[PDB]
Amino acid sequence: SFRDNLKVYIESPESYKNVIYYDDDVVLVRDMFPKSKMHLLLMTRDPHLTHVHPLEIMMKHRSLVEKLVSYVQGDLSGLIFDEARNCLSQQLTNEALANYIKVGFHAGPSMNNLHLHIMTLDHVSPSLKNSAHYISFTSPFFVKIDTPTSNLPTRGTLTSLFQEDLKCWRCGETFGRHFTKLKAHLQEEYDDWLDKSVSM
């Protein structure tokens, strides 16, 4: 099944150059279809935990949540900032980049192996091809890793999000269902953010 496509990264990380980190516990791998300039996946290698739904992970597996956050903010932090500088600009400091990165799970992932998204905010990417892509990362469907448990969405409830009008995440401008127009505007927003960020 296509839904098991990610299992090869946790089973044989030694085989993939796009696996930019692995140890006995986790794998950090580049998303094959990046939905922002930088888009990485952090995957547990635990044979049981990998098949636990991310909302259940957030609710009842706080040790794993803390462990993943610890990887992101510690041992993988330098690596992630270098990936971001290569994907965006060498001229961007850790401080600028940290405020331009989000980390979270999809509330309804299609792939069955638990994967934590670590990505830049731009959503400027050739692989961003439709409204559902965009909405999945910019609505409550994207469950940020620091969401309090009492604020988690209920499994299966967010279907209707995907039919809503499009709004730019940065400035709030609306685009109805005109995805192509949104796309062009996201480019502009990135150009703007970059100019402002390097200008210090």
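Residue numbers run from 1 along the displayed sequence.
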> Between 168-176 and 130-138, which has the larger average Cα B-factor in the PDB entry?
Replying inline: 168-176
> On average, are the C-alpha B-factors higher in 3-11 or in 191-199?
Replying inline: 191-199
>> Between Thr50, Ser150, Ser160, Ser36, which one tops the list for Cα B-factor in this entry?
In response: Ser160
> Taking the C-alpha B-factors as the PDB entry records them, is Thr44 in the lowest, middle or highest third of its chain?
Replying inline: lowest
>> Split into thirds by Cα B-factor across the chain's modelled residues, where does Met58 land: lowest, middle or highest?
In response: lowest
> So where's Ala184 on the chain's Cα temperature factor ranking, which third?
Replying inline: highest
>> Where does the C-alpha B-factor of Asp122 rank in its chain, lowest, middle or highest third?
In response: middle
>> For the chain shown, is the CA B-factor of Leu28 in the lowest, middle or highest third of its modelled residues?
In response: lowest
